[PDB]
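Q: Before I ask anything, here is the structure I am working with.
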Amino acid sequence: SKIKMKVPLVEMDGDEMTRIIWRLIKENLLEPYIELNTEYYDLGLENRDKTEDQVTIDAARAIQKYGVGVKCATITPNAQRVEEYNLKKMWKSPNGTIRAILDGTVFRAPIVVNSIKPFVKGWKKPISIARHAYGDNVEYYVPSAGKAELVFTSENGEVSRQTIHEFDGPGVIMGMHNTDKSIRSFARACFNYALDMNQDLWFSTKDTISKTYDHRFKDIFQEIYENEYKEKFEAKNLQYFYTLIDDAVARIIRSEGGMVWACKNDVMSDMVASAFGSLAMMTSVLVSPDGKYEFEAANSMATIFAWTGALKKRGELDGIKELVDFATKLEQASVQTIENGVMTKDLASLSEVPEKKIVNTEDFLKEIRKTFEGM
Amino acid sequence: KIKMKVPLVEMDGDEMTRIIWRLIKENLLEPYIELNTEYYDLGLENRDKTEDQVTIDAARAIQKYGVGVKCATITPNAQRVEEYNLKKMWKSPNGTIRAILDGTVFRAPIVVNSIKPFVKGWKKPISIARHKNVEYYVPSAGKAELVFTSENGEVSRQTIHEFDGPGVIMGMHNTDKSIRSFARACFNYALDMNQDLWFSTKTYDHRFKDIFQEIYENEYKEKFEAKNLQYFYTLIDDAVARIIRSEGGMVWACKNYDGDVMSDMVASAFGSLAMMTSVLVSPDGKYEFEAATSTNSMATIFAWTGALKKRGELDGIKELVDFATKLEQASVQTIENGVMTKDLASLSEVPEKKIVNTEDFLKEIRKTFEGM
C-alpha cells in the first residue's frame, strides 16, 4: 500500500527544464510509493504573470497555514524572457517575496557523496551555512573634501552624531544597520533549524573589535538561547557555540562538519560551499522564527533532496514514521546509485568511482528507482 | 663572513620572542654574516620610556634604508598597563609602523611536506593581503543617516534606516588615496615574488575595481607581462572556487573584513598559525618582515631571511641572497629529518622524532646547514 499523508505539502512549480525534471521526479520516485497530498501553486513565469504575482503571496501564506513547502527553481525575468513570454513586468524573484512573508533565514548545505571528495579532508558531514537574508546597506560617494558623519535623530527630535572621517579627497562611506527584532528573528530560526537537524549551532562575529554592533548579536543569541532553546538543546545533547570568527574557522576546519554555522549579514560561506564540491550539489532551506520551512534546490539530486527534506519534515510533524523513513531511504538510494557508478555527465566529472556508466537525467531517475527497490 | 652594504632596520620585541630573536642571531646569522643593522628596541619598557617615540623613529628608519625586520611585541591592554606601570595605552607598533609607511600586509604560510595540509592540494604558499568604525546603539524609534558636509557647505544625507525599535548602526569609510596605496603595494609584492595578483569583491566595490584596473594599465601592465604574470580580477564567489581548486602560489587581495577570514582559512588550511610569515610592503617599495621551553621559532627565522634576501637583492649582494635561501631550506630540511619542537611534532607525521627544546632546534638547524 502506498504511504498515506495527512496535512498537505505546499508544492510550488518552477520554470523551464527544472519543471520537467520536477515532474519526472514525482513520477518515478514519489507517486509510486506515496499517496502524494500537496496543495499546488504554479510559480512558473507564465502563471506569475497572469496572477500579477498574487500566486506567490498565496503560496507563502499557505506555507504559514500548513508548515512546510517545497519549491522548484524559478527564473528571474530578463529583457529577453519578457519578450520570449510577453510579460507585463520584470518581476522580483519569488524567493525574495516568500522569504519576507515568512520572515525566514536561509540555510544552505551540501549533499555529501563519498565518491565526491571534499577539498577539506575531514569534512564528511554537511555544514549548513545560515544567513538571515541572502543576496543584497547604503553607500555615498564623497566627491571632495569634507566631514562624514553617522547620525541618529530620535522620535523627539534629539540628534546625535559621530565623525566617520574627515576627507581630504574623494572616497566612499557606508552605513549598516540591524534591528533587535531582525537579530532575534535570525537567532530563533538558527536555533529551530539546529534542533530540527540535531546538530550544534555555531555563531561567530568579530566582537572584540566591534564593541557594540557585534556585541548586540552576541547578547541576543545568548538571551534567546537561555529563555528559549537551552532546555531543548540539552534534552538532545546539542550545544550552542558562540565564538570569534578566527577561532571558529580553525575549529571547524579541524572537524568532521555536521554543524549549523551562522554569521552576520559572505565569503566564509562560499568557501564552505566550494570546499564540498559544486554549488549545484546543495540544498537550500528557509526556516522561520516560527518553525515554518520551505525546501528548494540551491541537478536532479538537489531537487530530489528538496522533496525528501520536505517529506521528512512533513512526516515528523504529523507523526508518520513510514514517511520519514521513506525520505531517508530515497536519499540513501540516490546516493547509493551514484556510488554504484550510474550517474549523469555532471555527477561523473565530480565523482571518483572507477567504473562509471553515464546516462541521461531520465534514466538516472530510473536507476535510483531500481536501487530503491533493491533496498 | 658575508659583508653587508646598507643596514637592515632591526626592531627588537618582547619577552620570549626577544630571547629567541637573540638566539636566532647567535646561532644562525652572526657566525656567517657581519650583521649590519640599525637597532631599535620596541620592547615595551623602552616604548614606554621614549613614550613610543622609538617606534616612530623605527618607521622612519625604514623609509630611509628600505627594509626592516621586526620582533613580535606586546600590545598593551588594561592588564598590561598595570603589570608594566605604563604611562599610557601605547598603540600597537605594528599599527604605527603600518600607518607611517602606509603599507599593506601580506601573510603566507611556511610549507613543509611532512606537515599535512587540511586542504587537498595547496602545495604553494598563498599570500593574503590587507591594507576602525563608528557604531551606535539605537535605543528607541527614530532615523539613522549617513551625512556628509562638504567643505563648500553642502550637506547630503542618505537614510540608513527608519527604526521603530532599538538596534544598531555602523558607518565606515575608504578614501581613493587608500585604495591606491593598496593596489600599488599589491602589485609591487606580486612582482617581487613572481606571483599573479587576484582581487575580488555598487559604489563601494566598483570604486575599488576601477582604481585597481587604472593603476594596472598605467603602472604595472608593462612590468607584469615582462615576467608573464596575470592580474586577475573577479567575483569573490568565483575566486574562492578557483583558488580552492588550484595549487596555491598567488597573491590574493581582499577588502579588509574579507582578508580577515581567508587568512584564517588559508592559515589554518595549511596547518598552524605558527608557520606564518608576514611582510609589510609600501607603495614606495619599502619592506618590513615580521613573524605573522620548546618553542617554534620558524616564522621568526623566515622574517630574518626574508629581510636579508631582500636586502641582498637591493644591494646586489648575491652571497647574502643565496645564504638566506640556504638557511630557509636548512630550517625546513631539519624538520623533515624529524628533529623539531614539541609544538611542531603534533603537526608533522613522518617519522621517529627527536624533539628538542627552543635553543636546541636552532643548534640542530645550524648542524643541518653545516652540511651542504
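Residue numbering restarts at 1 in every chain; chains get A, B, ... in the order shown in the C-alpha cells, and ligands count up from 1 in that same order.
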Skip region 86-103 of chain B itself and residues of its chain fewer than 2 positions away, then list as a tab-separated table (two decimals) with N, CA, C and O atoms, in the first residue's frame all residues within 7 Å of it, counting only C-alpha atoms.
A:
chain	number	residue	atom	x	y	z
B	48	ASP	N	57.77	52.60	26.46
B	48	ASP	CA	57.14	53.44	27.49
B	48	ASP	C	58.05	54.61	27.82
B	48	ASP	O	57.60	55.75	27.92
B	52	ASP	N	56.92	55.99	23.08
B	52	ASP	CA	56.59	55.47	21.76
B	52	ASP	C	57.28	56.24	20.66
B	52	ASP	O	57.10	55.96	19.48
B	55	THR	N	59.29	53.88	18.28
B	55	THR	CA	58.54	53.22	17.23
B	55	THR	C	58.45	54.10	15.99
B	55	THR	O	58.60	53.60	14.87
B	59	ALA	N	60.05	53.45	12.26
B	59	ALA	CA	59.35	53.56	11.00
B	59	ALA	C	60.13	54.40	10.01
B	59	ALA	O	60.28	54.02	8.86
B	75	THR	N	51.05	44.34	22.58
B	75	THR	CA	50.15	45.48	22.52
B	75	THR	C	49.43	45.61	23.84
B	75	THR	O	48.71	44.71	24.26
B	76	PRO	N	49.63	46.73	24.53
B	76	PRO	CA	49.19	46.81	25.91
B	76	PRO	C	47.68	46.95	26.02
B	76	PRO	O	47.09	47.71	25.28
B	77	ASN	N	47.09	46.21	26.95
B	77	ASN	CA	45.69	46.35	27.32
B	77	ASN	C	45.64	46.91	28.74
B	77	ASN	O	46.66	47.35	29.26
B	81	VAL	N	48.95	47.49	31.36
B	81	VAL	CA	49.22	48.81	31.86
B	81	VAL	C	49.64	48.71	33.31
B	81	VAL	O	50.67	49.24	33.72
B	82	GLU	N	48.85	47.98	34.08
B	82	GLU	CA	49.15	47.81	35.48
B	82	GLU	C	50.41	46.96	35.63
B	82	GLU	O	51.38	47.37	36.25
B	84	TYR	N	53.03	46.41	33.72
B	84	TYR	CA	54.26	47.16	33.41
B	84	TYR	C	54.30	48.63	33.86
B	84	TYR	O	55.25	49.35	33.53
B	105	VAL	N	49.84	44.60	4.43
B	105	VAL	CA	50.43	43.37	4.94
B	105	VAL	C	50.06	42.12	4.14
B	105	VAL	O	48.90	41.85	3.88
B	131	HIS	N	45.08	46.09	3.74
B	131	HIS	CA	45.72	47.41	3.80
B	131	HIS	C	45.61	48.08	5.18
B	131	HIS	O	44.59	48.68	5.53
B	185	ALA	N	50.87	48.56	-3.45
B	185	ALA	CA	51.51	47.59	-2.60
B	185	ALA	C	51.26	46.16	-3.11
B	185	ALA	O	52.15	45.31	-3.04
B	280	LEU	N	55.27	43.39	5.32
B	280	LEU	CA	54.66	44.68	5.02
B	280	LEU	C	55.34	45.34	3.80
B	280	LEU	O	56.56	45.38	3.69
B	281	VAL	N	54.54	45.83	2.87
B	281	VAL	CA	55.07	46.46	1.68
B	281	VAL	C	54.38	47.77	1.45
B	281	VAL	O	53.15	47.84	1.60
B	282	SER	N	55.13	48.79	1.05
B	282	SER	CA	54.54	50.08	0.75
B	282	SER	C	54.44	50.40	-0.75
B	282	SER	O	54.99	49.69	-1.58
Q: Taking only C-alpha atoms into account, report as a PyMOL selection string which residues of chain B lie within 8 Å of chain A.
A: chain B and resi 118-121+133-138+140-151+158-161+163+165-177+203-204+236-237+240-241+244+258+261-262+264-265+268-269
Q: Please indicate the distance in Å from CA of residue 12 (chain A) to CA of residue 108 (chain A), rounded to one decimal place.
A: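 CA of residue 108 (chain A) lies at a distance of 19.1 Å from CA of residue 12 (chain A).
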Q: Using only C-alpha atoms, which residues sit within 8 Å of residue 62 (chain A) once same-chain residues fewer than 4 positions away are excluded, as a list in words?
A: residues 10, 58 and 66 of chain A
Q: Measuring between only C-alpha atoms, which one of A:360, A:332, A:371, A:340 shows the shortest distance to residue 115 (chain A)?
A: A:340
Q: From a DSSP pass on the backbone, collect the residues of region 119-359 of chain A flagged as helix (DSSP H, G or I) and hand them back as a CSV table (one decimal) with N, CA and C atoms, in the first residue's frame.
A:
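Saved result, part09.csv, follows:
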chain,number,residue,atom,x,y,z
A,180,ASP,N,17.1,45.0,16.7
A,180,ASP,CA,17.0,43.9,17.6
A,180,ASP,C,16.0,42.8,17.1
A,181,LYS,N,14.8,43.3,16.6
A,181,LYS,CA,13.9,42.5,16.0
A,181,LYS,C,14.5,41.5,14.9
A,182,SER,N,15.2,42.0,14.0
A,182,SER,CA,15.8,41.1,13.0
A,182,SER,C,16.8,40.1,13.6
A,183,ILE,N,17.5,40.5,14.6
A,183,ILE,CA,18.5,39.6,15.2
A,183,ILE,C,17.8,38.5,16.0
A,184,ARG,N,16.8,38.8,16.7
A,184,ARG,CA,16.0,37.8,17.5
A,184,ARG,C,15.4,36.9,16.5
A,185,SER,N,15.0,37.4,15.3
A,185,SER,CA,14.4,36.6,14.3
A,185,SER,C,15.4,35.7,13.7
A,186,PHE,N,16.6,36.2,13.4
A,186,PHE,CA,17.6,35.4,12.9
A,186,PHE,C,18.0,34.3,14.0
A,187,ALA,N,18.1,34.6,15.2
A,187,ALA,CA,18.5,33.7,16.2
A,187,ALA,C,17.5,32.5,16.4
A,188,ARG,N,16.2,32.8,16.4
A,188,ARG,CA,15.2,31.8,16.6
A,188,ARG,C,15.3,30.8,15.4
A,189,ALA,N,15.3,31.3,14.2
A,189,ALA,CA,15.4,30.3,13.0
A,189,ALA,C,16.7,29.4,13.1
A,190,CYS,N,17.8,30.0,13.4
A,190,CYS,CA,19.0,29.2,13.6
A,190,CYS,C,18.8,28.2,14.6
A,191,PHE,N,18.3,28.5,15.8
A,191,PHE,CA,18.1,27.5,16.9
A,191,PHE,C,17.1,26.4,16.5
A,192,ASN,N,16.0,26.9,15.8
A,192,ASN,CA,15.0,25.9,15.2
A,192,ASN,C,15.7,24.9,14.3
A,193,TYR,N,16.3,25.4,13.3
A,193,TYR,CA,16.9,24.5,12.3
A,193,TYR,C,17.9,23.6,13.0
A,194,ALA,N,18.7,24.1,13.9
A,194,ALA,CA,19.7,23.2,14.5
A,194,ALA,C,19.0,22.1,15.3
A,195,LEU,N,18.1,22.5,16.2
A,195,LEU,CA,17.2,21.4,16.9
A,195,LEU,C,16.6,20.5,15.9
A,196,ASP,N,16.0,21.0,14.9
A,196,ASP,CA,15.3,20.2,13.9
A,196,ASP,C,16.3,19.2,13.2
A,197,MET,N,17.5,19.6,13.0
A,197,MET,CA,18.5,18.8,12.3
A,197,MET,C,19.4,18.0,13.3
A,213,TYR,N,28.2,46.7,17.9
A,213,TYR,CA,27.4,46.1,16.9
A,213,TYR,C,27.3,44.6,17.0
A,214,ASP,N,28.5,44.0,16.9
A,214,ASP,CA,28.6,42.5,17.1
A,214,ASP,C,28.3,42.1,18.6
A,215,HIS,N,28.6,42.9,19.5
A,215,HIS,CA,28.1,42.7,20.9
A,215,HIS,C,26.6,42.4,20.9
A,216,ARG,N,25.8,43.2,20.1
A,216,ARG,CA,24.4,43.0,20.2
A,216,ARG,C,23.9,41.7,19.6
A,217,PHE,N,24.6,41.2,18.6
A,217,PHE,CA,24.3,39.9,18.0
A,217,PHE,C,24.6,38.9,19.1
A,218,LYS,N,25.7,39.0,19.8
A,218,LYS,CA,26.1,38.0,20.7
A,218,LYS,C,25.1,37.9,21.9
A,219,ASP,N,24.7,39.1,22.4
A,219,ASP,CA,23.8,39.1,23.6
A,219,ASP,C,22.4,38.6,23.2
A,220,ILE,N,21.9,38.9,22.0
A,220,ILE,CA,20.6,38.5,21.7
A,220,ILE,C,20.5,36.9,21.5
A,221,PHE,N,21.6,36.4,20.9
A,221,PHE,CA,21.7,34.9,20.7
A,221,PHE,C,21.7,34.2,22.0
A,222,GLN,N,22.5,34.8,23.0
A,222,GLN,CA,22.6,34.1,24.3
A,222,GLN,C,21.3,34.2,25.0
A,223,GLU,N,20.7,35.4,25.0
A,223,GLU,CA,19.4,35.6,25.5
A,223,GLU,C,18.3,34.6,25.0
A,224,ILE,N,18.3,34.6,23.7
A,224,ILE,CA,17.3,33.7,23.0
A,224,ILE,C,17.6,32.3,23.4
A,225,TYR,N,18.9,31.9,23.5
A,225,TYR,CA,19.2,30.5,23.9
A,225,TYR,C,18.7,30.2,25.3
A,226,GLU,N,19.0,31.0,26.3
A,226,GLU,CA,18.6,30.6,27.7
A,226,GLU,C,17.1,30.6,27.8
A,227,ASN,N,16.4,31.7,27.4
A,227,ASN,CA,15.0,31.8,27.6
A,227,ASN,C,14.2,30.8,26.7
A,228,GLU,N,14.8,30.4,25.6
A,228,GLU,CA,14.0,29.7,24.6
A,228,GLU,C,14.5,28.3,24.1
A,229,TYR,N,15.8,28.0,24.2
A,229,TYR,CA,16.3,26.8,23.5
A,229,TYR,C,17.2,25.9,24.4
A,230,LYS,N,17.7,26.4,25.4
A,230,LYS,CA,18.7,25.7,26.2
A,230,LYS,C,18.2,24.3,26.6
A,231,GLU,N,17.0,24.3,27.3
A,231,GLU,CA,16.5,23.1,27.7
A,231,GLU,C,16.3,22.1,26.6
A,232,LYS,N,15.8,22.5,25.5
A,232,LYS,CA,15.6,21.6,24.3
A,232,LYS,C,17.0,21.1,23.8
A,233,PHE,N,17.9,22.0,23.7
A,233,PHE,CA,19.2,21.6,23.2
A,233,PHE,C,19.8,20.5,24.2
A,234,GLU,N,19.7,20.7,25.5
A,234,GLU,CA,20.2,19.7,26.5
A,234,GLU,C,19.5,18.4,26.3
A,235,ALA,N,18.2,18.4,26.3
A,235,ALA,CA,17.5,17.2,26.1
A,235,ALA,C,18.1,16.4,24.9
A,245,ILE,N,35.3,34.6,14.9
A,245,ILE,CA,35.4,34.1,13.6
A,245,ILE,C,36.7,33.3,13.4
A,246,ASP,N,37.8,33.9,13.8
A,246,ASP,CA,39.1,33.2,13.8
A,246,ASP,C,39.1,31.8,14.5
A,247,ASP,N,38.7,31.8,15.7
A,247,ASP,CA,38.6,30.6,16.5
A,247,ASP,C,37.6,29.6,15.8
A,248,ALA,N,36.6,30.0,15.2
A,248,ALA,CA,35.6,29.1,14.6
A,248,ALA,C,36.1,28.5,13.3
A,249,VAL,N,36.7,29.2,12.4
A,249,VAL,CA,37.2,28.6,11.2
A,249,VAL,C,38.3,27.6,11.6
A,250,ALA,N,39.1,27.9,12.6
A,250,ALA,CA,40.2,27.0,12.9
A,250,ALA,C,39.6,25.7,13.5
A,251,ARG,N,38.6,25.8,14.4
A,251,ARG,CA,38.0,24.7,15.0
A,251,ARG,C,37.1,23.9,14.0
A,252,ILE,N,36.4,24.6,13.1
A,252,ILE,CA,35.5,23.9,12.1
A,252,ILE,C,36.4,23.2,11.0
A,253,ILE,N,37.5,23.8,10.6
A,253,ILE,CA,38.3,23.2,9.6
A,253,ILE,C,39.0,21.9,10.2
A,268,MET,N,33.0,33.4,3.8
A,268,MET,CA,33.2,32.2,4.7
A,268,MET,C,32.2,31.2,4.1
A,269,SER,N,31.1,31.6,3.5
A,269,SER,CA,30.1,30.7,3.1
A,269,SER,C,30.3,30.1,1.7
A,270,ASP,N,30.9,30.9,0.8
A,270,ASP,CA,31.3,30.3,-0.5
A,270,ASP,C,32.4,29.3,-0.3
A,271,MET,N,33.3,29.6,0.7
A,271,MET,CA,34.4,28.7,1.0
A,271,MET,C,33.8,27.3,1.3
A,272,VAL,N,32.8,27.4,2.2
A,272,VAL,CA,32.2,26.1,2.7
A,272,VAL,C,31.6,25.4,1.5
A,273,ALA,N,30.7,26.1,0.8
A,273,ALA,CA,30.1,25.5,-0.4
A,273,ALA,C,31.2,24.9,-1.3
A,274,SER,N,32.2,25.7,-1.8
A,274,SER,CA,33.2,25.2,-2.7
A,274,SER,C,34.0,24.0,-2.1
A,275,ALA,N,34.3,24.1,-0.8
A,275,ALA,CA,35.1,23.1,-0.2
A,275,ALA,C,34.5,21.7,-0.4
A,276,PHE,N,33.2,21.6,-0.5
A,276,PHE,CA,32.5,20.3,-0.6
A,276,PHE,C,32.4,19.8,-2.0
A,300,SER,N,19.2,17.2,-10.7
A,300,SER,CA,18.2,16.4,-10.1
A,300,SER,C,18.4,16.0,-8.7
A,301,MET,N,19.7,15.9,-8.3
A,301,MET,CA,20.0,15.5,-6.9
A,301,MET,C,19.4,16.5,-5.9
A,302,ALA,N,19.7,17.8,-6.2
A,302,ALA,CA,19.2,18.9,-5.3
A,302,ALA,C,17.7,18.9,-5.3
A,303,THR,N,17.0,18.6,-6.4
A,303,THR,CA,15.6,18.6,-6.4
A,303,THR,C,15.0,17.4,-5.7
A,304,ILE,N,15.7,16.3,-5.8
A,304,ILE,CA,15.3,15.1,-5.1
A,304,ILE,C,15.4,15.5,-3.6
A,305,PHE,N,16.5,16.0,-3.1
A,305,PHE,CA,16.7,16.2,-1.7
A,305,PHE,C,15.9,17.4,-1.2
A,306,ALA,N,15.4,18.3,-2.1
A,306,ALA,CA,14.4,19.3,-1.6
A,306,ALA,C,13.1,18.5,-1.3
A,307,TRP,N,12.7,17.5,-2.1
A,307,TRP,CA,11.5,16.8,-1.8
A,307,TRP,C,11.6,15.9,-0.6
A,308,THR,N,12.7,15.2,-0.4
A,308,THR,CA,12.9,14.4,0.7
A,308,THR,C,13.1,15.2,2.0
A,309,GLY,N,13.8,16.3,2.0
A,309,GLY,CA,13.8,17.1,3.2
A,309,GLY,C,12.3,17.5,3.6
A,310,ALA,N,11.5,17.8,2.6
A,310,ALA,CA,10.2,18.3,2.8
A,310,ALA,C,9.3,17.2,3.3
A,311,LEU,N,9.4,16.0,2.7
A,311,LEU,CA,8.6,14.9,3.1
A,311,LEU,C,9.0,14.5,4.5
A,312,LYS,N,10.3,14.5,4.8
A,312,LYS,CA,10.8,14.1,6.1
A,312,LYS,C,10.3,15.1,7.2
A,313,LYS,N,10.4,16.3,6.9
A,313,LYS,CA,9.8,17.3,7.8
A,313,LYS,C,8.3,17.2,7.9
A,314,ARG,N,7.6,17.0,6.8
A,314,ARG,CA,6.1,16.9,6.9
A,314,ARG,C,5.7,15.7,7.8
A,315,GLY,N,6.5,14.6,7.6
A,315,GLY,CA,6.2,13.4,8.4
A,315,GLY,C,6.5,13.5,9.9
A,316,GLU,N,7.6,14.2,10.2
A,316,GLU,CA,8.0,14.4,11.6
A,316,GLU,C,6.8,15.1,12.3
A,317,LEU,N,6.3,16.1,11.6
A,317,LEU,CA,5.2,16.9,12.2
A,317,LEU,C,4.0,16.1,12.4
A,318,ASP,N,3.7,15.2,11.5
A,318,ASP,CA,2.4,14.5,11.5
A,318,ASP,C,2.6,13.1,12.2
A,321,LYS,N,5.8,7.9,10.8
A,321,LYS,CA,7.1,7.2,10.8
A,321,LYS,C,7.4,6.7,9.4
A,322,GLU,N,6.5,6.0,8.8
A,322,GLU,CA,6.7,5.5,7.4
A,322,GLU,C,7.2,6.6,6.5
A,323,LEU,N,6.6,7.8,6.5
A,323,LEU,CA,7.0,8.8,5.6
A,323,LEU,C,8.5,9.3,5.9
A,324,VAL,N,8.8,9.4,7.2
A,324,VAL,CA,10.2,9.9,7.4
A,324,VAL,C,11.2,8.9,7.0
A,325,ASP,N,10.9,7.6,7.2
A,325,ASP,CA,11.8,6.5,6.7
A,325,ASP,C,11.8,6.5,5.2
A,326,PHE,N,10.7,6.6,4.6
A,326,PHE,CA,10.8,6.6,3.1
A,326,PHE,C,11.8,7.7,2.6
A,327,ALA,N,11.7,8.9,3.1
A,327,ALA,CA,12.5,10.0,2.7
A,327,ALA,C,14.0,9.7,3.0
A,328,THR,N,14.3,9.1,4.1
A,328,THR,CA,15.7,8.7,4.3
A,328,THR,C,16.2,7.6,3.4
A,329,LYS,N,15.3,6.7,3.1
A,329,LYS,CA,15.6,5.6,2.2
A,329,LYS,C,15.9,6.1,0.8
A,330,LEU,N,15.1,7.0,0.3
A,330,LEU,CA,15.2,7.5,-1.1
A,330,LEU,C,16.4,8.4,-1.2
A,331,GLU,N,16.8,9.1,-0.2
A,331,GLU,CA,18.1,9.8,-0.2
A,331,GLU,C,19.3,8.9,-0.3
A,332,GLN,N,19.3,7.8,0.6
A,332,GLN,CA,20.3,6.8,0.6
A,332,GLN,C,20.4,6.1,-0.8
A,333,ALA,N,19.3,5.8,-1.4
A,333,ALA,CA,19.3,5.2,-2.7
A,333,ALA,C,19.8,6.1,-3.8
A,334,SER,N,19.4,7.4,-3.8
A,334,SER,CA,20.0,8.4,-4.7
A,334,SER,C,21.5,8.3,-4.6
A,335,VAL,N,22.1,8.5,-3.4
A,335,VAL,CA,23.5,8.5,-3.2
A,335,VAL,C,24.0,7.1,-3.6
A,336,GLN,N,23.4,6.0,-3.2
A,336,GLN,CA,24.0,4.7,-3.5
A,336,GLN,C,24.1,4.4,-5.0
A,337,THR,N,23.2,5.0,-5.8
A,337,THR,CA,23.2,4.7,-7.2
A,337,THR,C,24.4,5.4,-7.9
A,338,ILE,N,24.8,6.5,-7.4
A,338,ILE,CA,26.0,7.2,-7.8
A,338,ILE,C,27.2,6.4,-7.4
A,339,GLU,N,27.2,6.0,-6.1
A,339,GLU,CA,28.2,5.1,-5.7
A,339,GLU,C,28.4,3.8,-6.5
A,345,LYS,N,26.2,13.2,-16.5
A,345,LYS,CA,27.5,13.6,-17.0
A,345,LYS,C,28.2,14.5,-16.0
A,346,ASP,N,27.3,15.3,-15.3
A,346,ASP,CA,27.9,16.2,-14.3
A,346,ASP,C,28.3,15.6,-13.0
A,347,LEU,N,27.5,14.6,-12.5
A,347,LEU,CA,28.0,13.8,-11.4
A,347,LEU,C,29.3,13.1,-11.7
A,348,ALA,N,29.5,12.8,-13.0
A,348,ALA,CA,30.7,12.0,-13.4
A,348,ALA,C,31.9,12.8,-13.4
A,349,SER,N,31.8,14.1,-13.6
A,349,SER,CA,33.0,14.9,-13.7
A,349,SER,C,33.5,15.2,-12.3
A,350,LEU,N,32.6,15.0,-11.3
A,350,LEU,CA,32.9,15.2,-9.9
A,350,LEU,C,33.3,13.9,-9.2
Q: When you look at residue 115 (chain B) with a cut-off of 6 Å (counting only C-alpha atoms), what residues show up, excluding the ones that are within fewer than 2 positions of it in the same chain? I need them as a list in words.
A: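 Result of the neighbour search: residues 112, 113, 347 and 348 of chain B.
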Q: Just to be explicit: take each residue in the selection above, keep C-alpha atoms, and write the result as a PDB file, in the first residue's frame.
A:
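Result written to again_17.pdb:
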ATOM      1  CA  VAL B 112      56.887  21.659   4.853  1.00  0.00           C
ATOM      2  CA  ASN B 113      55.933  18.331   3.294  1.00  0.00           C
ATOM      3  CA  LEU B 347      51.857  18.501  13.315  1.00  0.00           C
ATOM      4  CA  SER B 348      54.243  16.633  11.016  1.00  0.00           C
TER       5      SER B 348
END
Q: Have a look at CA of residue 28 (chain A) and CA of residue 362 (chain A) and let me know their distance in Å, one decimal.
A: 8.9 Å
Q: Could you check which of B:116, B:5, B:123, B:25 is closest to residue 248 (chain B), using only C-alpha atoms?
A: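 When distances to residue 248 (chain B) are compared using only C-alpha atoms, the smallest one comes from B:123.
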Q: Quick one: pick out all strand (DSSP E or B) residues within region 8-158 of chain B from a backbone DSSP run and write them as a PyMOL selection string.
A: chain B and resi 8-12+33+37-41+67-70+104-109+119+124+127-130+134-138+143-150+155-158
Q: Show me, as a tab-separated table (two decimals) with C-alpha atoms, in the first residue's frame, the residues that have an atom within 10 Å of residue 23 (chain B) when counting only C-alpha atoms, minus same-chain residues fewer than 5 positions from it.
A:
chain	number	residue	atom	x	y	z
B	17	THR	CA	60.34	36.19	21.33
B	18	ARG	CA	63.00	38.75	22.22
B	28	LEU	CA	72.20	31.26	12.63
B	29	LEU	CA	73.25	34.64	11.28
B	297	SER	CA	60.86	29.92	16.05
B	358	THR	CA	63.87	26.00	21.60
B	359	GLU	CA	67.62	26.69	21.51
B	362	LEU	CA	68.29	26.26	16.48
B	363	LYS	CA	71.54	24.40	17.08
